[PDB]
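In: For now just these chains, pulled out of the complex without moving them:
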Amino acid sequence: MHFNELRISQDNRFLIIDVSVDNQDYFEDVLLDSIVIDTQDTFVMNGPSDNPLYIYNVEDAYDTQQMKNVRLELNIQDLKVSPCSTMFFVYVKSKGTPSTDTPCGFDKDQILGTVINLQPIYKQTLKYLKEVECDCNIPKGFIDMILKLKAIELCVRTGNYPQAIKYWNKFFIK
Amino acid sequence: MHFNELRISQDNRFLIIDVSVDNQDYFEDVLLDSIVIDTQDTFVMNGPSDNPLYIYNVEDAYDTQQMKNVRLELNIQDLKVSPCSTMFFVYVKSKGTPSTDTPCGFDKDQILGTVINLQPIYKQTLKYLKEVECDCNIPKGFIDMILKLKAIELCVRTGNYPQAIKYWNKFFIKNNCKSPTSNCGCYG
């Protein structure tokens, strides 16, 4: 099970989630179960936390192949969070048993995808480039921002979300 | 032709390949011919080597949408190679003729995509991660690891495969990884 697109809308008003189940033959029995949204405040390592930001159960929408693909567009202001200074964690679940021929390690019910707003980062890069235009010297804040973004990338791809939030809160919010 | 999912499983077992011909009607006729796997030791500038690591002819199966899309789950132990210290070259040959009026260059019967295990490289980079916190000092290890990875990335994206092999040999050929245990770890 995987993500098709997991993006925040360019208008900074919707959080786009478009999930799908993998096309391989032995997820025929497997479906999509729920969508749980967490922020940098309510995250826990062991799956979604209690009192989450927004829970979604997918039988509610439909009345079986329609249930294998889902698309959500959440008005972020309705979630009562800041679209610019929020890092969303999007969990998904399966509620379904694959066949007995699955190769090992592929049978995992849950996934996760981190989300942030790239507009503030784009504005910071534009500001630093404007500074570079004057006298052709590289500000050190620009290199610091680049390397800290790469640090958060490494933390996310290695799954070390606690230190990822620590860096986010320490550098890209305050 | 294009690649949908080209990856090594994070458990260091399976070299995952998922090819699918383009959905545009120009390429309706063209079909996949074979899958040839090469490593940095059996690589040649043009086309696959005459001593590859694995061959798979598509036509030795059901023969049309099944022919247009093919997927493999090759186990690496059968290939007698190391998942982490190896860089695979995936060649896909197409059999057919694209209909005329397609813009040129799109009608490339052969496509190539490389593979590397990024987990051990992240393991190396985590050692220098915390240098980012420490101000007053340049995070030199972090920068060095990032540039080492991006050298391979750019040399791949520009088609400069020989220098990519040279950089892989210089940097990451001595990578270590936990060999997957044959007894399948049971969970779900």
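Out: Now that the structure is in, tell me what you want to look at. Numbering: from 1, shown residues only, chains lettered A, B, ... in the order given.

In: elements contacting the lengthiest helix in chain A?
Out: Using DSSP state H to define each element, chain A has its longest helix at helix A:140-158. Packed against helix A:140-158 by the contact rule (3 or more CB pairs under 8 Å, 6 or more residues apart in numbering or on different chains; DSSP states H and E) you find helix A:119-133, helix A:161-171, helix B:118-129, helix B:140-157. (Each C-beta comes from the backbone N, C-alpha and C, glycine too.)

In: does residue A:75 really touch residue A:12, like I thought?
Out: No. Counting by CB atoms under 8 Å, residue A:75 does not reach residue A:12; the two are 11.1 Å apart.

In: between those two, which one's more packed in?
Out: Higher neighbour count among residue A:75 and residue A:12: residue A:12, with 14 against 11, using other CB atoms under 10 Å in any protein chain shown.

In: And for residue A:107, the neighbour number?
Out: 17.

In: Isn't it up against residue A:100?
Out: No. Counting by CB under 8 Å, residue A:107 stays clear of residue A:100, with 10.2 Å between them.

In: thinking again about what came up before, the longest helix of chain A vs helix B:118-129, what angle?
Out: Computed by axes from the mean of the first three to the mean of the last three CA atoms, to 10 degrees, the angle separating helix A:140-158 from helix B:118-129 equals 140 degrees.

In: Can you list the neighbours in contact with helix A:140-158?
Out: Residues outside helix A:140-158 that contact it (CB atoms under 8 Å, 6 or more residues apart in numbering or on different chains) are A:114, A:121, A:124-125, A:128, A:131-132, A:161, A:163-164, A:167-168, A:171-172, B:118, B:122, B:125-126, B:129, B:132, B:139, B:142-143, B:146.

In: hmm, 7 Å instead?
Out: With CB atoms under 7 Å, 6 or more residues apart in numbering or on different chains as the test, helix A:140-158 has contacts from A:114, A:124, A:128, A:161, A:163-164, A:167-168, A:171, B:122, B:125-126, B:129, B:132, B:139, B:142, B:146.

In: And the residue of chain A most remote from its centre, its phi and psi?
Out: Distance from the C-alpha centroid of chain A, by CA atoms, centre = their mean, peaks at residue A:135 (38.7 Å). Backbone torsions for residue A:135, taken as degrees, to the nearest 10, come to phi 80, psi 0.

In: What residues does it make contact with?
Out: Residue A:135 touches nothing, counting by CB under 7 Å, 6+ apart.

In: let's put chain C on the structure above:
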Amino acid sequence: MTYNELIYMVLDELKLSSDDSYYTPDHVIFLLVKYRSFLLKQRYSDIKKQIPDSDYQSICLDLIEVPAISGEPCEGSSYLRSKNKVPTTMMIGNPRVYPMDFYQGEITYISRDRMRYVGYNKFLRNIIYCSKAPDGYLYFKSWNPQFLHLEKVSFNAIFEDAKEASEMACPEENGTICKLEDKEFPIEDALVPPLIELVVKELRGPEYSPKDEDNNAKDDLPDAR
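Out: The block that follows adds chain C to the chains above:
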């Protein structure tokens, strides 16, 4: 001048021309190199003077990354060492490691004892260091991780053995010189007559000494046989 000229000058002064001679040219080579080192230390250790370029010699080194002790997470940072063992230098000249251009680069060559405590100064953190370890190789250390990428260097110094450094000499434009006898002997021409005199004095007396000639299960030297 080459090894051949010096060797055959010593031999001709000794008149060791017959192939059936006890003292071969290898005796001459050994004595010449050891007396070279002896004369260089005798001249350039008492007080500091100018060493000409002729007593200096160059080698080519290929560097490989090695662990400090072994492959372990907590055994310390890795080093760069030459693939082959490095001749010992003489502490009389200007030893220098350069990146194949003498007039460029700063790769300091320091004492082995000093090299333990080095690089802590904030402005000395991008300087590459060298020292011939007790293993015999020339280890490299620095705090700027870029040094590990370095692949090939040269080393100029007044080496202890002229022969060892001559075997490791840099390739020339024409190519490698196969015979040691065709290589340039590393000594100034102002020191050559003393060297020839010392070596000829070394082998003059022995040249006319008696041998144990008889094959009789007996020591025949007391009888001057």
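
In: What about what packs on helix A:140-158 again, now that chain C is present?
Out: helix A:119-133, helix A:161-171, helix B:118-129 (3 or more CB pairs under 7 Å, 6 or more residues apart in numbering or on different chains; DSSP states H and E).

In: Can you pull the residues of chain C lying near chain B?
Out: C:144, C:145, C:146 (CB under 7 Å from any CB of the partner chain).

In: Distance check, the residue nearest to the last one when sequence neighbours are not counted against residue C:141.
Out: In this structure, residue C:146 finds its nearest non-sequential neighbour in residue B:144, 6.8 Å apart by CB to CB, 6 or more residues apart in numbering or on different chains. Distance check for residue B:144 against residue C:141: by CB to CB, to the nearest Å, it reads 16 Å.

In: any idea how far residue C:220 is from the closest residue to residue C:22 other than its chain neighbours?
Out: Excluding its sequence neighbours, the residue lying closest to residue C:22 (CB to CB, 6+ apart) is residue C:211, at 7.2 Å. Residue C:211 sits at a distance of 8 Å from residue C:220 (criterion: CB to CB).

In: quick one, which of these two is more surrounded?
Out: Shown here are residue C:211 and residue C:220; by other CB under 10 Å, residue C:220 has more neighbours (14 against 10).

In: Name the nearest of the residues of chain C next to chain B relative to residue C:75.
Out: Using CB to CB, residue C:145 comes nearest to residue C:75 of the residues of chain C next to chain B, at 16.8 Å.

In: Give me the distance between that closest one and residue C:114.
Out: Distance from residue C:145 to residue C:114, counting by CB to CB: 22 Å.

In: Between the two, point out the one with more neighbours.
Out: residue C:145 (16 against 11).

In: Longest strand in chain C, please.
Out: strand C:57-66 (DSSP state E).

In: and that one with helix B:161-171, angle?
Out: Going by the same axes, to 10 degrees, strand C:57-66 makes 80 degrees with helix B:161-171.

In: what does strand C:57-66 rub up against?
Out: C:78-83, C:86, C:138, C:140, C:148, C:150-156, C:159, C:162, C:165, C:168-171, C:186.

In: can you map out the strands along chain C?
Out: C:57-66, C:79-82, C:96-98, C:107-109, C:128-132, C:138-141, C:152-157.

In: Show me what the fifth one pairs with in its sheet, parallel or antiparallel.
Out: Within its sheet, and counting by DSSP bridges, strand C:128-132 is paired with strand C:107-109 (parallel), strand C:138-141 (antiparallel).

In: Would you mind saying which of those strands lies nearest residue C:128?
Out: Ranking the strands paired with strand C:128-132 by proximity to residue C:128 (CB to CB) places strand C:107-109 first, at 4.4 Å.

In: extra chain here, label it chain D:
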Amino acid sequence: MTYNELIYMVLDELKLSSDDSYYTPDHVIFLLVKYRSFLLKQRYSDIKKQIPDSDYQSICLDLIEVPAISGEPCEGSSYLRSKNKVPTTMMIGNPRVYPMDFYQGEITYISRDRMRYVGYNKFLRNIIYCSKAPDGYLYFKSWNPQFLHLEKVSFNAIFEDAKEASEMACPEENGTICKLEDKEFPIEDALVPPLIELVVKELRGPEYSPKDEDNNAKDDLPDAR
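Out: Following on from the chains above, chain D is added here:
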């Protein structure tokens, strides 16, 4: 240079080529090893001078925990010690025990008398100390119970007997050199011609001396037999 080259230089200067020679190469090894220490003391004991890298050797030791006296409770804290007896260092060089990496770690080689009283300074309670006991072993002492886990150290010094420390030489990359003749002799080239001269002078006179050659139940040396 190796033991073989020095040995055969001495032999060829003396022309002891026949197998039926009174003075065998073993005499040459003995004299060379003793005159090496003699020359090194004569040169590097008067006033402090730079010692080259050629005079040193690295031995590798395997440490074992031993009681201070016996297995009693009140007999003091235990010490580590080398499994085998260690060569005696000369007091002219830069002795150093290092943890298989010369450029890292702090193990201090001190005198026997000093090591009785070390580590009372609160900042020096984590420093490992070394000395050669009258037993002939290298004993280790510290106030930091972590030291007792140490398993291997290498000791670099100008050892007083080249043969002993060369026999204890550390394994090379290729492997151990079985024959002592193929190992490397520990001396600078500037001290080699004097060493050969001294040994050759030592055995020149005895080489041509008479023997008690008649088997007649008689001493035949007064008659120059």
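
In: again for what packs on helix A:140-158, since chain D is there now?
Out: By 3+ CB pairs under 7 Å, 6+ apart, helix A:140-158 packs against helix A:119-133, helix A:161-171, helix B:118-129.

In: Residues touching the first one, excluding its own?
Out: With contacts defined as CB under 7 Å, 6+ apart, helix A:119-133 is touched by A:12, A:84, A:138, A:139, A:141, A:142, A:145.

In: again, only using 8 Å
Out: Under CB under 8 Å, 6+ apart, the answer for helix A:119-133 is A:12, A:84, A:138, A:139, A:141, A:142, A:145, A:149, A:172.

In: Now a PyMOL select for only the buried ones of these.
Out: This is the PyMOL syntax for the buried subset of these, where burial follows 16 or more other CB atoms under 10 Å in any protein chain shown:
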select buried, chain A and resi 142+145+149+172
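
In: which of the contacts of helix A:119-133 lies closest to chain B?
Out: Using CB to the nearest CB, residue A:149 is the member of the contacts of helix A:119-133 that sits closest to chain B, with 9.9 Å.

In: From chain A, how far out is the residue in chain C that chain B sits nearest to?
Out: Residue of chain C nearest chain B, by CB to the nearest CB: residue C:145 (4.8 Å). Using CB to the nearest CB, to the nearest Å, residue C:145 is found at 15 Å from chain A.

In: quick revisit: dump the helices and strands packed on helix A:140-158 into a markdown table; add distance to residue D:100 as well.
Out: As requested, those are arranged in a markdown table below (distance: least, CB to CB, whole Å):
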| stretch | distance to residue D:100 |
| --- | --- |
| helix A:119-133 | 48 |
| helix A:161-171 | 35 |
| helix B:118-129 | 22 |
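
In: still on that earlier bit, for the residue of chain C closest to chain B, list the residues it contacts.
Out: By CB under 8 Å, 6+ apart, the neighbours of residue C:145 are B:140, B:141, B:144.

In: How about residue C:112?
Out: Residue C:112 neighbours (CB under 8 Å, 6+ apart): C:131, C:132, C:133, C:134, D:53, D:102, D:103.

In: Grab the nearest non-local neighbour of residue C:164.
Out: With CB to CB, 6+ apart as the criterion, residue C:164 has its nearest non-adjacent residue at 4.1 Å, and that residue is residue C:87.

In: right, and the one you found touches residue C:166 too?
Out: No. Here residue C:87 does not reach residue C:166: they are 9.4 Å apart, not a contact under CB under 8 Å.

In: one step back: please report how far the residue farthest from the centre of chain A lies from residue D:222.
Out: 103 Å.

In: Residue A:119 too?
Out: Residue A:119 is 113 Å from residue D:222, by CB to CB.

In: No further queries at this time; thank you.
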